[PDB]
Amino acid sequence: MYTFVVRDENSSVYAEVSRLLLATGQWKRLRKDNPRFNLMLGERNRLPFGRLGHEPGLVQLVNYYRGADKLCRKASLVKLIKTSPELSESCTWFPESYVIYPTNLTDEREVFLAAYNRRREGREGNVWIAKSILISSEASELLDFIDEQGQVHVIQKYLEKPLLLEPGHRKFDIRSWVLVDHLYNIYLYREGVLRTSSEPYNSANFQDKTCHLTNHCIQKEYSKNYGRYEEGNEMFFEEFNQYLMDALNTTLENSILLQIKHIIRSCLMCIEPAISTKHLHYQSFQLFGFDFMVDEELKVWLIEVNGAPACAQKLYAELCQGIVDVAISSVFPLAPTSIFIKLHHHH
Amino acid sequence: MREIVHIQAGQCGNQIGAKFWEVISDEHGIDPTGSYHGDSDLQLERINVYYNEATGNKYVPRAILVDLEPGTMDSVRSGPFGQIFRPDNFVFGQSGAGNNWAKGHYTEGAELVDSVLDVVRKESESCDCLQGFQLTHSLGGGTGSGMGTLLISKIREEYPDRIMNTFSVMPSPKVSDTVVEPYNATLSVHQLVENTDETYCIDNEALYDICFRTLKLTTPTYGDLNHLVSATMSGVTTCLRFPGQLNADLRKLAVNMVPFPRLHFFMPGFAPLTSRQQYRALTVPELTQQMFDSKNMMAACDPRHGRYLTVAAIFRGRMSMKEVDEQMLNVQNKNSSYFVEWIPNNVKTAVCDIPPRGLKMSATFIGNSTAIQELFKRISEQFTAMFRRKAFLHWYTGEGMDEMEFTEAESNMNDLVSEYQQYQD
Amino acid sequence: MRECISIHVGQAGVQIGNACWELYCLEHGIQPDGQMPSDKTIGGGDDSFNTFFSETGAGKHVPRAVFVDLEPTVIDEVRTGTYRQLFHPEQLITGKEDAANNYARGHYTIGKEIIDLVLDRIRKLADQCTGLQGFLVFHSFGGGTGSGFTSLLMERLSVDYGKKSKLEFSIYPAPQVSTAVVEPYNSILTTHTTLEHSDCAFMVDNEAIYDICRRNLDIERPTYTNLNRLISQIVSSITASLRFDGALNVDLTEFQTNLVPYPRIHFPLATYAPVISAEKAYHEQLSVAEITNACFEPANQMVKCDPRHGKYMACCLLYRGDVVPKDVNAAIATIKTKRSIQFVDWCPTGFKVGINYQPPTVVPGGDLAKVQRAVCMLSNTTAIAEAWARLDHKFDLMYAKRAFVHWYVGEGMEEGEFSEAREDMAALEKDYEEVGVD
Amino acid sequence: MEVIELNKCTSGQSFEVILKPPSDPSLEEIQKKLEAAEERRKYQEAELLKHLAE
Ligand SMILES: Nc1nc2c(ncn2[C@@H]2O[C@H](COP(=O)(O)OP(=O)(O)OP(=O)(O)O)[C@@H](O)[C@H]2O)c(=O)[nH]1
Ligand SMILES: Nc1ncnc2c1ncn2[C@@H]1O[C@H](COP(=O)(O)OP(=O)(O)CP(=O)(O)O)[C@@H](O)[C@H]1O
Ligand SMILES: Nc1nc2c(ncn2[C@@H]2O[C@H](COP(=O)(O)OP(=O)(O)O)[C@@H](O)[C@H]2O)c(=O)[nH]1
Ligand SMILES: CC(=O)Nc1ccccc1O
Ligand SMILES: CC(=O)Nc1ccccc1O
Ligand SMILES: [Ca+2]
Ligand SMILES: [Ca+2]
Ligand SMILES: [Ca+2]
Ligand SMILES: [Mg+2]
Ligand SMILES: [Mg+2]
Ligand SMILES: [Mg+2]
């Protein structure tokens, strides 16, 4: 009988995985403070990795990689890409970004203004976005907005030429769920989601952020055409792939998926030596939410990586069951056609 | 040289004590006359813990036999190993205690306790370094119960910093001599709460059920019951009587088994308990699952009704020490809802290579469980059923006791139950 | 030549000390009877090995060691063991009843009555030294004597030998090889009162030694003998610089100068490699790069933790056997480009390297295979704070219910010492977090 | 990758490699502790004996 503990009651994902584990009749849930467990569905923040792997006779497994925050932090990802030779500063799939500390607190204030002035002088599109959201084409507004705050921000180039879906003339992003097991195999969930903007993209007005921000919470709160083109401003791969064939005479795999799979491998292989639990006294796996942008040249850009992602309501069952198969049962077997795509690589 | 002084008082105490010395004398290779005839040096390694060495390479138990009537101790002297005991160590009267706690504790017993303490003092004076004392007795009678707890009280006064352990038989209506046993047991339990460091609670009802249902004994006798207690006493003292990485004296044992001074009442257990399919080799999984089974426990308490504060298992015989950890680590990590989570690593295991007589291997269980509250609950209920009508009290008031002392004994044990109840949540 | 006096306190210290001196004799060519044929100065000399061994007129090489235990069974093994002739009875001190795994009993009740005797015996060894450097104190955290008497002894040594260095080899408690439950209490009580008296402490987690003995030596259930034979190899690697001609870690003061910039943060992490089973048909001998790379694998650390998430304040590489500086630097470069070695900004990102050409000695009939080169890396990492966090958590679980406290109060300790000792450990954890995390 | 302080002897050698530059209680007080605990043990034992005399 396998035992597990739940230490994040707010996870819509692992609440299902926990719901499935008990459904097998071979997993027993313990109190959140019981140390004699096989599997910890741990808390997001300040997870005590130092207390794992010290219970005699117990093989212990946790659903977070200690150190993956370097990838899932706005500022961290920027520093990692610039300072990692595997990614270099000329990384062709990550928008030009700069880490900027508020003046009331290294920092890249002058480096940003150097590249900004260069663009202003060369008649080139010079619109940036600040987040940790304000979109503007003036460096004065972007920096003054960060000083009014008290945390670290990041200013990156705003994709002024996004790929717009028709009809609607609207922006969007792509969410990809990635699962990394204890052996550090990279599995890409075959089902993705496009979080589309239900408003027409407008380049002459960055004041109204409803057509520029494809967040599911901003569309369902500040957009007046929510749910018009697709249910809940969510288009799935089948429909999106069909649109690409009809409108662009190409495929989702060829035009975008190859770039997504490349970006996922590059980010995860880069930090493998720092977070791998191969020879560690405990084991780790984790589910990631990669957010991508697609420009009008069908080039894919990386927006950020989420370490504690949610799922699309229609895909919880399939993805959650898949987590139990490759991540949990692979280490704690029970008494297809995989839903994932294994991204082979050298360890 | 960490010597233990053994005291056995009353009928039950001396009959269980006799069988105990019979069992361990065999394990250490001591014949009925005190001469060693073993084949392994492990038998003599820790022999001086329970035995003195006299002239002629003779080994004499460090045992003091006490009773208020002669009968039982004449049977011991005529018993199998009767001649092995020091003649001076028989201390007995003629009046008897009449199953009366007040006679053992206040009248008859007081007349004899000083001569018993003279013998204890003598055995202690010849000890290189006394570990402590152990007393075998029943709580339902008069001598073991009333005089037993008087001896403990006076031993603690003279040896305040020595360990005092007891094997205490708890009365049961199913195996009862008189109706006043709940009175005698309630009065003794308070004495034990205050003046013992470890009390092994042996319930006569559990011993009976094991004989009838498990051992398939149609008509169990006191002898049959005492066969289970001998084996159990031999198991709980294995670590003291033989070498091994465990080491441990009485105090180090108490320090790790008793988290709170009043909650020092233990549930002992033994495996195997085979009926006569008796030659079948018992694997380590079977030993472990049986040892943790309630049917194998002698406190007549369901552990699944409470929580283990601390557990200690002792495995005897040549077996896989890796497989012992695997099965033990399996019973914990498969029933962790019955172990308190605020005493880390509260399940400990020890191995001894020498098995009991006629057994390839065995396992002895020592649990400090809050479920033991069910035993004191039963006693309290039987006490109250009679005390509410002052039934049978004249036997005690006739010995000078007041009703107030019964009310206090009642309030004390109900307190004890309440103390177990708060740590069970 | 400056002398080092070793002190062994409790069962663990005594049995570890016994294994070490057996190894020292094999390393220095000292027979069980104390004779040393290669020593051409009969009953005298100021050679490097003389830091640990005195010499009688008869040519016997006597360890500069004191064995202390409140019970005689463990030290009686020394008196009748193979090397019984090395020690004289004054060096072996035994009481009649131990501390029962009770810090308060070893520190207060029994300690008070034996401390002056132990000091007198140590004074006798000190009076034989022309220039004593300090003391090496071996003890367990969980034992009543190893925790309770050790701290008392350290307090008094700081009084009687103010200008002397004190190093520790401390056994960190591990449930897999312990029948006690109160060890977290004893561990925290002894660290609190010892912290300001120890200049450098090498913690060895029994959990780590146990798993190395199962994983590398294929011991299904390791015993204290298997554990101690391996532990004495690491100890020998750490003290070899004091016993052999050399220039790195030549005196106890250098251990603090090279490994402990901040005084309270004086617990270096030890990593050893290779550990090869002697029962093997025959192993391929590892290179400098391979064994130096192994020093950054969690599986061969004396304390299981993840240095990839701490910060380094210092780093010594102690090599024994066929090693030339050329290969060391080539292996270091190869590891910086592949490993996560983040030093603190107020410390140089460097490595002190020591090479002793004599390869590790192995006890005949032991579990360890003879290798041609081996290394022990001493690194002061904030990552070792994981060990304090684990230990302090177990302390908190029991102390919330005051479980077992009465045993300590019963011996004259005040309940406030628990909380006082606990708050010092919380401060110690905070120190590690200020140096390591951003 | 610099090597400083290279020392060589017949039994070995030592050196340093830099990869990157940077950026008590008195005897009396202990006696009081011991005697204070001793006194508390005596007080607790006296209360035990007083209990047993009652
Ligand atoms: N590595 C190793 N650990 C040991 C050894 N002996 C005991 N230990 C550990 O030490 C702890 C127990 O403390 P001990 O040293 O045995 O007790 P003590 O220091 O003699 O003090 P007392 O309580 O008076 O017996 C446990 O965690 C044991 O695992 C040993 O020989 N080697
Ligand atoms: N450089 C850029 N160019 C164009 N659009 C951008 C952009 N950076 C962010 N966006 C827009 O912002 C949205 C994502 O915002 P961001 O991910 O930075 O905030 P967030 O992390 O709180 C949302 P989540 O973590 O849930 O994906 C996307 O829909 C995208 O359209
Ligand atoms: N297990 C066991 N219990 C006994 C034995 N003899 C008596 N008892 C129990 O002990 C209680 C009576 O106490 P007893 O020892 O006879 O009184 P005493 O001689 O005055 O101490 C009753 O509960 C009996 O069931 C025995 O040999 N074995
Ligand atoms: C319990 C009790 O006292 N019983 C008894 C009965 C008759 C005579 C003497 C006795 O002691
Ligand atoms: C034998 C006994 O009573 N105590 C014991 C047994 C095994 C492990 C730890 C222990 O304290
Ligand atoms: Ca009379
Ligand atoms: Ca010489
Ligand atoms: Ca000092
Ligand atoms: Mg985010
Ligand atoms: Mg009777
Ligand atoms: Mg000891």
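Below, read A as the first sequence line, B as the second, and so on, with proteins coming before strands; counting in each chain starts at 1. Both ligands and their constituent atoms are indexed starting at 1 by order of listing. Below, each value reflects all heavy atoms present in this structure, side chains not excepted, and no hydrogens, waters or symmetry copies.
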Quiz item: Are C:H28 and C:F244 near enough that their ring centres are under 6.0 Å apart?
Solution: yes
Quiz prompt | Where the Ca ion (ligand 7) is the vertex, angle from C:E55 OE2 to C:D39 OD1 to 10° | solution = 140°
[X] bridged to [Y] by N-O distance under 4.0 Å:
X	Y	answer
C:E27	C:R243	yes
A:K224	A:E199	no
A:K314	A:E231	no
C:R264	C:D424	yes
D:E28	D:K32	yes

Quiz item: Just one of A:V154, A:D147, A:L143 clears the side chain to side chain contact (heavy atoms under 4.5 Å, CB included) bar with A:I100, so which one?
Solution: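 The residue from A:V154, A:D147, A:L143 that satisfies side chain to side chain contact (heavy atoms under 4.5 Å, CB included) with A:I100 turns out to be A:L143.
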Within less than 3.0 Å of the Ca ion (ligand 7), any N, O or S from [X]?
X	value
C:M36	no
C:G44	yes
C:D47	no

Ligand 2 N/O to protein N/O, distances under 3.5 Å:
unit_1, atom_1, unit_2, atom_2, d
ligand 2, 1 (N), A:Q156, OE1, 3.2
ligand 2, 1 (N), A:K157, O, 2.7
ligand 2, 3 (N), A:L159, N, 2.9
ligand 2, 5 (N), A:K171, NZ, 2.6
ligand 2, 8 (N), A:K131, NZ, 2.8
ligand 2, 8 (N), A:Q156, OE1, 3.3
ligand 2, 18 (O), A:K131, NZ, 3.1
ligand 2, 21 (O), A:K74, NZ, 3.2
ligand 2, 21 (O), A:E304, OE1, 2.7
ligand 2, 21 (O), A:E304, OE2, 2.6
ligand 2, 25 (O), A:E304, OE2, 2.1
ligand 2, 25 (O), A:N306, OD1, 2.7
ligand 2, 27 (O), A:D291, OD2, 2.2
ligand 2, 29 (O), A:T214, N, 3.0
ligand 2, 29 (O), A:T214, OG1, 2.0
ligand 2, 31 (O), A:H212, O, 3.3

Quiz item: With a 4.5 Å heavy-atom cut-off, do C:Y161 and C:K166 have their side chains touching?
Solution: no
